[PDB]
């Protein structure tokens, strides 16, 4: 829309303007003959452009152009100064004081509406851009948190915080392809807590969760290369994909981890009283060929996991 605040001592100007603007529904008029209600009414009606007379009843017009740019409730409103006539410093001061125009009362009702229409409309879109900035900041900060949640949750196992299975499955599939392009050594650790049902059954399911937690922490601490990925494979089972790692490297890493767990010395009553939580690990490493399916790597790890288990638990074996 449009709203012009006129401010001028003489009713004869307030009238000319009122008349020029009657045949324009798009734009409304508001006369303010009392320069000591000027900024007040400016705040109240929310004008989109104000017209300011430079000489009034013993109150400097430029003093008011001062306040307009001074009070930030008006700071941004376009100001056309109405003068009689064309004096020097008073046109230069107009602008020094913040005026955006300096007009002689009055051009015809064409340039008058044009000029009004222009400044008004600019202010309007100034309001709009600011409004948009707000709304965008909101939406952007809604997607802000939306992104945290689905991430901490899509790809993370809540209990341990390690990656989850579907992240593992999908991550490992990616790494398989990367590996085959680079003819790189892709290694995989398959990790299981020994005698876990037995732990779960006399300590409690929560106590087992807490146990899983501590083991999950040790896993997270074994690997520390950008592409090392630790995951909860499924329940008591953990995995750990190690791109670019040799069989001997993987095994070394596996043994430091196994020792770590045992070393926490977590009380278990299996296989015998006095026992502490142990962990069996299957190691497996492959350089993928085209056409080869990543499941081969998993199977190899499970062979290793199965071997380690069938040779006394708490040990590492390559499948």
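Numbering follows the first chain given and starts at 1.
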Problem set entry | Which of 103-111 and 214-222 has higher mean CA B factor, as the PDB entry lists it | 103-111
Problem set entry | Greater mean Cα temperature factor according to the PDB record, 138-146 or 121-129 | 138-146
Seminar exercise, completed: Reading the B-factor column for Cα atoms of 281, 261, 49, 55, the highest value belongs to 55
Seminar exercise, completed: Residue set 184, 174, 93, 242, per-entry CA B-factor max assigned to 93
Exercise. Thinking about Cα B factors across the chain, which third does residue 275 belong to?
Worked result: middle
Exercise. Which third, lowest, middle or highest, does the CA B-factor of residue 151 fall in along this chain?
Worked result: highest
Exercise. Taking the entry's C-alpha B-factors for this chain, is residue 178 in the lowest, middle or highest third?
Worked result: lowest
Seminar exercise, completed: So, residue 287's CA B-factor, relative to its chain, sits in which third? The lowest
Seminar exercise, completed: Chain thirds by Cα B factor, record data; residue 248 belongs to the lowest
